[PDB]
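Peer 1: One structure is given below, represented as C-alpha cells, and several questions about it will come after.
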Amino acid sequence: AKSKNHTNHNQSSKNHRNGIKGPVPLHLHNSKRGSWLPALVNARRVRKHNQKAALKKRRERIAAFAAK
Amino acid sequence: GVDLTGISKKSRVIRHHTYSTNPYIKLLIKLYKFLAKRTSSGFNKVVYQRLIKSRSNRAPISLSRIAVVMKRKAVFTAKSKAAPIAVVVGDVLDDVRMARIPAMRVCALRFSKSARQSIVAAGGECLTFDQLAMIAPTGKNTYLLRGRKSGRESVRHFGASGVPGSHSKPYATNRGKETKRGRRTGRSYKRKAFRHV
Amino acid sequence: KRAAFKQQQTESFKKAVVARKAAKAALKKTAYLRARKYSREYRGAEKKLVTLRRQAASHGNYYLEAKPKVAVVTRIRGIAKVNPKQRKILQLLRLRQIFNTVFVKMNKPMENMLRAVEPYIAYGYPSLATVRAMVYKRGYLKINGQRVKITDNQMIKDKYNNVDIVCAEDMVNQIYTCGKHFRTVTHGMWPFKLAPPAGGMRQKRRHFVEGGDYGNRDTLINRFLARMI
Amino acid sequence: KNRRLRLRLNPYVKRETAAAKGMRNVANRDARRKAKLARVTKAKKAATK
Amino acid sequence: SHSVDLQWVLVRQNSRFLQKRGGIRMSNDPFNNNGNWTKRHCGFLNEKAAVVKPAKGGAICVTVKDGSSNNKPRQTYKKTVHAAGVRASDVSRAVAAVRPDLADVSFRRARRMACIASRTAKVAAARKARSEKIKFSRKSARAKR
Amino acid sequence: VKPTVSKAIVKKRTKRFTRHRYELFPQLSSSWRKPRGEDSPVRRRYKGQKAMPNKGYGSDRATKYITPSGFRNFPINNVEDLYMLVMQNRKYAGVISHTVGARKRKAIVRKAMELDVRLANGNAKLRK
Amino acid sequence: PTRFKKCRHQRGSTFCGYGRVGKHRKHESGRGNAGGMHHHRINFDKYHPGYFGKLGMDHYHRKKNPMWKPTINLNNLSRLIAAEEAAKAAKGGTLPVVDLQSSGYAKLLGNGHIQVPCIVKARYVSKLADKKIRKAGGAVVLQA
Amino acid sequence: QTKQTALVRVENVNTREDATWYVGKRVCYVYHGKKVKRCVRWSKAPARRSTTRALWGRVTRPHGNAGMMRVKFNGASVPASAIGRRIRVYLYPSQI
RNA sequence: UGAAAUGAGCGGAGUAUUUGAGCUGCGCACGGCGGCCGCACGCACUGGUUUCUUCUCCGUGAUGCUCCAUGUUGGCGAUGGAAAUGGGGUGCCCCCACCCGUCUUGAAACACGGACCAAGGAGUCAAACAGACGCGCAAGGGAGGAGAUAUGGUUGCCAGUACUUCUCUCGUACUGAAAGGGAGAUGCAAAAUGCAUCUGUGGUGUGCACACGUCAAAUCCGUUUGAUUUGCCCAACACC
RNA sequence: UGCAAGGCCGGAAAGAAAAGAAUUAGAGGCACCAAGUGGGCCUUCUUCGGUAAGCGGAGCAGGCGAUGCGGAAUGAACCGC
RNA sequence: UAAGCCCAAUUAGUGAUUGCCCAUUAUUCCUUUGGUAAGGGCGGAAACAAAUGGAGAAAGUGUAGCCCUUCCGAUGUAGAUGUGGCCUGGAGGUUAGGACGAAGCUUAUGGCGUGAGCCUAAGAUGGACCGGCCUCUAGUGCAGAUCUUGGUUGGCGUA
Ligand SMILES: [K+]
Ligand SMILES: [K+]
Ligand SMILES: [K+]
Ligand SMILES: [K+]
Ligand SMILES: [K+]
Ligand SMILES: [K+]
Ligand SMILES: [K+]
Ligand SMILES: [Mg+2]
Ligand SMILES: [Mg+2]
Ligand SMILES: [Mg+2]
Ligand SMILES: [Mg+2]
Ligand SMILES: [Mg+2]
Ligand SMILES: [Mg+2]
Ligand SMILES: [Mg+2]
Ligand SMILES: [Mg+2]
Ligand SMILES: [Mg+2]
Ligand SMILES: [Mg+2]
Ligand SMILES: [Mg+2]
Ligand SMILES: [Mg+2]
Ligand SMILES: [Mg+2]
Ligand SMILES: [Mg+2]
Ligand code: NA
Ligand code: NA
Ligand code: NA
Ligand code: NA
C-alpha cells in the first residue's frame, strides 16, 4: 500500500487562480504596538495636545461661521 | 476559441429585483426605478439601489444619530438655508438616551411608534418616500443616511476566535464553558490578543 | 389636434434635424481637408526619401533607413498548451485568439515582449496600404464596451473626443506614423480579427528564416496579411 | 470594396482615384517615364561632375 | 385609498379573470377590449374604463365607468347605445372621452362588432335556408308566461 | 379567417431527442433522460452517437408555438370562451377540450362559425 | 416543505452531492464530539478555545434568586417614567419617584447623561451614578 | 463525407479552367421509380407520364485541378444509389 | 420587388471642379567641396503654367412605438378515391458508429452487476446551533402553560378562530477564580469619588448622497455627463 | 535657531519632459455561508536510486483525469485545434 | 522514366510574388440561449363603421419572454446554484367538463416545446367521475441494488 510522498504540482496554479494578492498599503494597519516605548509614550502626549487643538480649532471655526 | 481564463472572476453578482414580498416596497421600487432612469440626480439612483437591498443590508438608524449628524451639518450651514430632509432607506427607531431633539423632517421606510411620536412632538414631520418624491423629485437638500451594521451580534461572531488577534465571540450556549485552555496563559497557552497585520 | 408637449417636441426635433445635417456637412469638409493634407504628406515623404537615397548613392555613401516605429503582430497559434509567461504576454498584447492582429510600437519594452512569445506570433512592419485596409475593412471601435464596426466619421469623433482624431484618415495617420495619439487610437479599437491566410501557410512550427511562419518577416508581413484581411 | 462606405470614410477618395487613373494612363505613363529617366540621369551626371 | 397600481400588484398573478391556458394568458374580464391580461386592459380594475359591446341588431353599446360611483357596483357602469350605422371613429371618440389610451382598440373593436353582426346575419340566413329542407322530427318550444 | 402571415417557419431539428438504448429494452420509454454514466458515449459526445438537447436547438421566437395553419392554439371548453378570441381571431385558434361532449361541441361550433373564430378541431365539413 | 428541499433537485443524480470517490458513509469521523483532542484538534482549538480544562471554585447548590441583581443606567431612566411626569420634571422642583425593585431592577449604574431628573429608589448604586444624579438635581433613596 | 455537395466528372473536362466554364450550369440525374407519379405537364403533355424521374441541381465550383465539379442539388441531396451513374450537364444558363 | 431605396450608385442641376503627371519661380532644407557649385525636383508660398488626367454640386425625419401585409413567366391545382407541403411508417444505398452501469491513474475489456415485463424500492422526521433570504415589532421582542367566554353552543363545522396575563424568557453591560465592582461629551482645572455646563459625531486619515462653486466634452440650448475645489460627511475601514 | 515625532499653514505639480522611454478583452478592495477533493497518472527539460524496466522517487511547466473534434492506419496523455 | 530517399517548385528563364484536398479552428451570415450586458419607445398622433390594410403597445428579474435595436460569451467529471421549469397523491381557493361518455387503457396520431413533457385525433375502447389556474402539503418521478413480489421467457419437445 505504498503511496506517493509529496509533490508541489498544481500548487502554483491553485495559488494564481485567485492570484497572489498584493500587500496591504503602508497607510493601513500602521500600528505602533511593540515599538520602542519611550518614543511611543512621547508621541502619545503630542497626540493628546493635537486632539485638544483640533477641538479648539473646530470651535473657533463654528464661532467664525456664526459671526459671518 | 478565445483565451478567456478567469473571465467569470471579473463578473459580480448584481440583483435588479427585490426578494421582498411587500407590494408597497414593490410600488416604491417601481417609482424610484422610473425616477432613477429618467432623472440626472444621483440621489434617485442611490435610493433605487438601496430599495432593492435586503433587510439585513438596510440596517436601522436611530433618532439620536439622526439628530447628531443633522446638528453637525446644521453648523456650517447658512441661517437663510433650510435644514435638509433626513432620508433613510430603512427603519427609524427611538432613542431613550436623547430626550431633546430639534424639529427635523425625516423620510423613511418605517417609523416605530415611539420614533414617530418623538419626531412629531419635537415639531418635525415623518415623511414617506412618495411624499419625498413629490416635494423633492431629484432629492435636493436631502441628507441620505444609513444605519449601523458593525455592532451586530452576528458580526461579532464572524471569524475564528482561536487565532491570534481575533476577538470574535465563540458560538457557545454556556458562557462558563470554553474558558480554560487557549483562553488562559496558565492552562497551556493563551490566544494572542494582538497580531501585526 | 396636437398636444402642446407634442408641438414642443416637434419644434425641438426640427431644430435637431437641421443641426445634425449641418454637423454632418462640416465633418465631411473637415475630413476632406485632413485627408488631402495627409496624402500630400505621404507623397512628399516618399519623394524626399528617394532623393536622399539617390544623393547618398551618387557619391559612394550609404543611406541608413530610419528604424521602423510601428509593428503589426498577428497570432498564428491556438490557445492550447501555453506557459503562464507567454499566456500573460499574449493577454497584455490582446492576442487572445488565433489570427488576432494588433498594432504595437516597436520600442525596447515591446520588442522584448515580442521576443518572448515569438513562437506564437508572426509580426512585421506594416505599410500604408496595410494600415488603411485594416482600418477600413476590419476596423471596429469599443463604444460602450461593444464591438462596433466603423461606418462613418461621426462614430470616430464621438468615441475619441479629440480634435486630432475625427476621421478614419486621422486614425490611419496616427497608426502609420506613430503619432502622439498612437496608444489612444489603438486602444480605442477592438483587436483585429482576420481570416486565415488564403493560399495557406508555410510551417506553423518553424521560424520564417527556417522555412516556417512564426518569426519577424520584416515587410513581408504585408504580403502575408493581404491574404488574411 | 464598397463605394458608399469608402466615400463616407474618405471624402478625398474620389480625387485619389482620379490621380490613380491619370497615373495608369498609357500616354502619361510613357511620357512621365522618359522625362523621369532624363531628369535623374542629368542630375546624376551633374552630381558626379 | 387603494390605488389601481396596488390592486394590480395584488391581482396580477391570481384573478378569477386571468385565464392562463396552455401558456397563453388571456382575460375573461367583461370590460376588457382585448382579452389581454394587462393593467391598461383590466377594465374591472381601473378607476375609469370603457368597453365596446354589441347590442340588439347592428347597434353598438359603450359601457363606461367614470370613477364617480366605483363604490356602488350597481351604478359603476353606464351603457350608452349607438344605433346601427355608427362610425367606429365615433365609438372610439366616445371611449376616448373617458380613456384616451383606449381609442385605437375601441375603433378596432367597433369595426369588429359591425363585422360580426353582418356575418352572423349571413350565417343565420344560410342556416335557415339549409334547415328549411329537413324533416326535424322533434321541435322544442319554450312555454309562454 | 386567414391567419396573420409570418416569416417562414424553420425548425432546427425535426427528429425527437430519445433516450439512449431505449430500443433494446421494452422497459425504457423514448422520453429523453440525460446520460450521467462516466463512460457513456452519448455523454462524451462521440461522433457516431445520438445528440443531446441544449440551448442551440431552440426555435426562432418569431415563429415559436405557431401551428402549421398559422395560428396559436388556445384551449376552450365552452361558448363563453370564444369571446376572448374575438378581437385576436387572426392570431389564436380555439381547441375544444377532448372531454367536452358532442352536445356542447355543437353549440361551440355554431357560435364560432358566426364569430369567425377558427377552431383547430371543429367539424371539417363546416368552413370548407 | 419537502418540495423545496435538495432531494427533489437530485432526482436522477445517483449520488446526491456526495461524490463517487468519497461516498456518503455512516460515521466517517466518529460520533458527536469524538476526537476533540486528536483528529479534530484543529477545529476545536481554532473555533472553540478554552473548551478543555478546569477553572475557578465550585458553588454547590447555586440558587440564582439570592444573586438576582439587574441593572439600569442613568440615560435609560426615562423608560421607567411616564411621559407627562417627565414633561413637568425639572431641577429644583417636584420630581417623579422611580421604584427600581418594582420596575424590575436592583442596581443603578450611571452611564451617560441623565435626560430627566428624578428620585430613584434603588437597592444598590454606583458611586458615579450617585454623584451624577446628585449633580443633575435628582436623588437616590436606598430601598430593600 | 458531407452529402450536401456532390462531385461530378464530365467527359472531356480534365482541367480546372475547363471546369470553371461549367460553373452555374444546370445538372440533372435521371432515374426511374416503380410507379408512374406526377411530373411537369402531367395534363398538358400526357405523353410525358412515365416512371422516369429527374433530380435537378447546379454546378457551384470546380474541385481539384483535374476538371471535377462540385454540384448542389435542389433542396435535397442526391441519393447514394446515383454514385457511379450518369449525370447530364446542360449548356444553360448560357453565358456565350 | 420598394410598406420610409440616402446612392461616385437614386433624383435634380452644372460644365465645370480640383489632383495627379509634366514643366517651371523664389527662399529654405539636402548633397560635393571648402561660399561656391550641384539638386534626382523634399518643405513654404495650400507659388506658377494648363500641356493631358479626372466628372462636382446640391437634395428628401420617424406626424412610422412595434410586427405582419406589394413583382414577372410557365407547370400543377376548376372541389376530387386531388394537387401540394409537412409529419409518420417500412426497405435500401454512401458515409459514420466498440456494451451498458460501476470502481478506477486508466474499461470495449479476458474487471464486477446485467433473460424479459408489471407493481414496489433509497437524504426522512424531531431536537440544538449558526448563516442567507421573507415577514412582524423594536430598546425592546416573544411566549409557554393556563384561564375566560362567543361556546354554559353546536352530529359536525369549531382540536379552529377571537380575548387575557405585576409572570417567564431573550435582549438593552460588562468584567473578575472569587469576595466584588461597574462605562457620556465639553469646558475649566489638576481634587486618592474636583467643579461647571449640557442641541450631542472624543480625535485624525480615507470615504454615499447633498450644498456652494469650478473646469472639459457634447447639446434639440432647455441642459446632461464626466472630472474637480471646499463644506458636512452617512455606512464602513485604518490609526489614536 | 539642531535633530526625532505628531500636527498645522503655505508653495509647486513635464500629474510625469526628452532620450527606442511600456502594455493591458486592468472596476480595486472586503466579507459571509457552504460542497467536492485530500489513491492521481502522462510528458519536454532538470534530477536521484536501480543493469535495466510499460521500475521506484523529486523540480519547473504543461496535459490526461474531466474532453470531444481534425491528423499520425490502430493507441488516455503525441501533432493540430 | 517510384507511388523510395535528399533538396526545390506551383503551372515554370513568359514577362513576378495564393497548385489542390480534408477540422466541432479562423472569418462571415442566420437562429437560439445567457450576460457585471449597452441603448431606444412606453402622456395611445391625427385621422379612420359595416356591406367590402390588419393587429398589438404590460414602466417590465423570471411567461407565449412589454416592444424594438446593439454587443459579447456558450464543451465539461466531482460539486454548487438557478428556473412565472416538467411531473405525482392529497388540502385551501377559484374556474370548468361528463351517460350527445369520467378516469383508466390502446396508437405509422398528428401538433407544440431545446427538453422534462403537454395537447388534439381515433378506438369497430371503457363505463362514472373529472380537468385548468393560484396557494398549501407530502409515503412525490427508477434501468441496473447476487434489489423485493408476481407473471413470463430462451434453452426445449431438449436432458
Ligand atoms: K500603541
Ligand atoms: K472516464
Ligand atoms: K419583557
Ligand atoms: K485534447
Ligand atoms: K438576447
Ligand atoms: K415581470
Ligand atoms: K418498473
Ligand atoms: Mg454595541
Ligand atoms: Mg510543439
Ligand atoms: Mg377518452
Ligand atoms: Mg454535497
Ligand atoms: Mg468523505
Ligand atoms: Mg475495479
Ligand atoms: Mg483484456
Ligand atoms: Mg451582550
Ligand atoms: Mg480516497
Ligand atoms: Mg388616435
Ligand atoms: Mg421583454
Ligand atoms: Mg455548461
Ligand atoms: Mg454533474
Ligand atoms: Mg400518499
Ligand atoms: Na420536435
Ligand atoms: Na427512410
Ligand atoms: Na440510473
Ligand atoms: Na420453452
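Just so we're on the same page: first chain in the C-alpha cells is A, next is B, and so on; residues restart at 1 for each chain, and ligands are numbered from 1 in the order they show up.
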Ligand 13: which residues are within 6 Å, counting only C-alpha atoms (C1' of nucleotides) and all ligand atoms, as a VMD selection string?
Peer 2: chain I and resid 103 to 104 111
Peer 1: Neighbours of ligand 20 within 12 Å, counting only C-alpha atoms (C1' of nucleotides) and all ligand atoms, as a ChimeraX atom specification?
Peer 2: /F:34-38,43 /G:9-20 /J:36,66 /K:76-80
Peer 1: Okay, now the selection with C-alpha atoms (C1' of nucleotides), as a PDB file, in the first residue's frame?
Peer 2:
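Generated output (part-v7.pdb):
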ATOM      1  CA  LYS F  34     -29.668  12.926 -19.533  1.00  0.00           C
ATOM      2  CA  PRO F  35     -26.887  10.277 -19.566  1.00  0.00           C
ATOM      3  CA  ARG F  36     -24.806  10.594 -16.397  1.00  0.00           C
ATOM      4  CA  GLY F  37     -22.687   7.477 -16.899  1.00  0.00           C
ATOM      5  CA  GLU F  38     -18.951   8.014 -16.574  1.00  0.00           C
ATOM      6  CA  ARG F  43     -22.389  11.993 -22.735  1.00  0.00           C
TER       7      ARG F  43
ATOM      8  CA  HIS G   9     -33.346  18.571  -7.419  1.00  0.00           C
ATOM      9  CA  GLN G  10     -31.093  15.496  -7.144  1.00  0.00           C
ATOM     10  CA  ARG G  11     -33.593  13.010  -8.605  1.00  0.00           C
ATOM     11  CA  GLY G  12     -31.515  11.294 -11.282  1.00  0.00           C
ATOM     12  CA  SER G  13     -28.060  12.262  -9.992  1.00  0.00           C
ATOM     13  CA  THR G  14     -27.316   8.822  -8.442  1.00  0.00           C
ATOM     14  CA  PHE G  15     -25.037  10.384  -5.808  1.00  0.00           C
ATOM     15  CA  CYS G  16     -26.987  13.334  -4.323  1.00  0.00           C
ATOM     16  CA  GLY G  17     -23.951  15.575  -3.994  1.00  0.00           C
ATOM     17  CA  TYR G  18     -21.631  13.234  -2.088  1.00  0.00           C
ATOM     18  CA  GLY G  19     -19.307  12.121  -4.888  1.00  0.00           C
ATOM     19  CA  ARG G  20     -18.298   8.831  -6.453  1.00  0.00           C
TER      20      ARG G  20
ATOM     21  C1'   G J  36     -16.431  18.147  -3.675  1.00  0.00           C
ATOM     22  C1'   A J  66     -12.873  15.750 -16.559  1.00  0.00           C
TER      23        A J  66
ATOM     24  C1'   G K  76     -17.108  19.919 -19.173  1.00  0.00           C
ATOM     25  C1'   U K  77     -16.179  14.667 -14.169  1.00  0.00           C
ATOM     26  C1'   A K  78     -16.899  15.564  -8.679  1.00  0.00           C
ATOM     27  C1'   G K  79     -19.526  19.649  -6.980  1.00  0.00           C
ATOM     28  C1'   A K  80     -22.656  24.322  -6.372  1.00  0.00           C
TER      29        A K  80
END
Peer 1: Hey, what's within 7 Å of residue 62 in chain H if we count only C-alpha atoms (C1' of nucleotides) and toss same-chain stuff fewer than 6 positions away? As a PDB file with N, CA, C and O atoms, in the first residue's frame, please?
Peer 2:
ATOM      1  N   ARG H  16      -9.030  22.440 -64.422  1.00  0.00           N
ATOM      2  CA  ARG H  16      -9.797  23.371 -63.602  1.00  0.00           C
ATOM      3  C   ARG H  16     -10.310  24.543 -64.428  1.00  0.00           C
ATOM      4  O   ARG H  16     -11.419  25.034 -64.189  1.00  0.00           O
ATOM      5  N   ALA H  19     -13.379  23.178 -65.981  1.00  0.00           N
ATOM      6  CA  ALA H  19     -14.480  23.068 -65.032  1.00  0.00           C
ATOM      7  C   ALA H  19     -15.045  24.423 -64.639  1.00  0.00           C
ATOM      8  O   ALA H  19     -16.209  24.501 -64.234  1.00  0.00           O
ATOM      9  N   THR H  20     -14.246  25.487 -64.736  1.00  0.00           N
ATOM     10  CA  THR H  20     -14.752  26.825 -64.457  1.00  0.00           C
ATOM     11  C   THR H  20     -15.758  27.288 -65.503  1.00  0.00           C
ATOM     12  O   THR H  20     -16.583  28.160 -65.213  1.00  0.00           O
ATOM     13  N   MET H  68     -12.924  18.121 -62.157  1.00  0.00           N
ATOM     14  CA  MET H  68     -14.116  17.764 -61.406  1.00  0.00           C
ATOM     15  C   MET H  68     -14.912  19.021 -61.081  1.00  0.00           C
ATOM     16  O   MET H  68     -14.386  20.137 -61.101  1.00  0.00           O
ATOM     17  N   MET H  69     -16.196  18.842 -60.782  1.00  0.00           N
ATOM     18  CA  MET H  69     -17.000  19.974 -60.350  1.00  0.00           C
ATOM     19  C   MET H  69     -17.839  19.591 -59.143  1.00  0.00           C
ATOM     20  O   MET H  69     -18.255  18.440 -58.990  1.00  0.00           O
ATOM     21  N   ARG H  70     -18.071  20.575 -58.281  1.00  0.00           N
ATOM     22  CA  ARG H  70     -18.991  20.427 -57.166  1.00  0.00           C
ATOM     23  C   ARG H  70     -20.386  20.822 -57.618  1.00  0.00           C
ATOM     24  O   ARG H  70     -20.565  21.805 -58.341  1.00  0.00           O
TER      25      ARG H  70
END
Peer 1: Taking only C-alpha atoms (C1' of nucleotides) into account, which residues of chain I are within 7 Å of chain F, as an NGL selection string?
Peer 2: :I and (68 or 96-97)
Peer 1: The selected residues should be written to file as a PDB file, in the first residue's frame (atoms: C-alpha atoms (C1' of nucleotides)).
Peer 2:
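And here's out-v2.pdb as it stands now:
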ATOM      1  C1'   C I  68     -47.118  41.496 -40.472  1.00  0.00           C
ATOM      2  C1'   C I  96     -20.239   7.463 -39.856  1.00  0.00           C
ATOM      3  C1'   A I  97     -20.550   4.494 -35.299  1.00  0.00           C
TER       4        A I  97
END
Peer 1: Can you work out the spacing between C1' of residue 55 in chain K and CA of residue 126 in chain E in Å, to one decimal?
Peer 2: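 Separation of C1' of residue 55 in chain K and CA of residue 126 in chain E: 29.5 Å.
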Peer 1: Check every residue of chain K for an atom within 7 Å of chain B, counting only C-alpha atoms (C1' of nucleotides), and provide those that qualify as a list in words.
Peer 2: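 Using only C-alpha atoms (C1' of nucleotides), chain K residues at most 7 Å from chain B: residues 36, 59 and 61 of chain K.
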Peer 1: Can those selected residues be exported to a file as a PDB file, in the first residue's frame so that it contains N, CA, C and O atoms (P, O5', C5', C4', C3', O3' and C1' of nucleotides)?
Peer 2:
ATOM      1  P     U K  36     -22.983  38.138 -16.207  1.00  0.00           P
ATOM      2  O5'   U K  36     -22.127  39.003 -15.157  1.00  0.00           O
ATOM      3  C5'   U K  36     -22.799  39.478 -13.966  1.00  0.00           C
ATOM      4  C4'   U K  36     -22.690  40.981 -13.858  1.00  0.00           C
ATOM      5  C3'   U K  36     -23.104  41.799 -15.094  1.00  0.00           C
ATOM      6  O3'   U K  36     -24.053  42.791 -14.734  1.00  0.00           O
ATOM      7  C1'   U K  36     -21.059  42.569 -14.240  1.00  0.00           C
ATOM      8  P     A K  59     -47.005  48.637 -16.842  1.00  0.00           P
ATOM      9  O5'   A K  59     -45.526  49.233 -16.691  1.00  0.00           O
ATOM     10  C5'   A K  59     -44.466  48.347 -16.277  1.00  0.00           C
ATOM     11  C4'   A K  59     -43.223  49.161 -16.031  1.00  0.00           C
ATOM     12  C3'   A K  59     -43.195  49.974 -14.729  1.00  0.00           C
ATOM     13  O3'   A K  59     -42.019  49.664 -13.994  1.00  0.00           O
ATOM     14  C1'   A K  59     -42.587  51.328 -16.578  1.00  0.00           C
ATOM     15  P     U K  61     -39.308  43.455 -12.968  1.00  0.00           P
ATOM     16  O5'   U K  61     -38.354  42.230 -13.380  1.00  0.00           O
ATOM     17  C5'   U K  61     -37.172  42.501 -14.167  1.00  0.00           C
ATOM     18  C4'   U K  61     -36.228  41.331 -14.050  1.00  0.00           C
ATOM     19  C3'   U K  61     -36.682  40.033 -14.724  1.00  0.00           C
ATOM     20  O3'   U K  61     -36.349  40.010 -16.105  1.00  0.00           O
ATOM     21  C1'   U K  61     -35.840  39.577 -12.544  1.00  0.00           C
TER      22        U K  61
END
Peer 1: Please write out the residues within 7 Å of ligand 16 as JSON, numbers by chain, counting only C-alpha atoms (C1' of nucleotides) and all ligand atoms.
Peer 2: {"G": [21, 22], "J": [39]}
Peer 1: Store the residues of this selection in a file with C-alpha atoms (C1' of nucleotides), as a PDB file, in the first residue's frame.
Peer 2:
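Wrote it out as result_39.pdb, contents follow:
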ATOM      1  CA  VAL G  21     -14.947   8.654  -4.653  1.00  0.00           C
ATOM      2  CA  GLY G  22     -15.760   9.611  -1.076  1.00  0.00           C
TER       3      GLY G  22
ATOM      4  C1'   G J  39      -5.452   6.855  -4.315  1.00  0.00           C
TER       5        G J  39
END
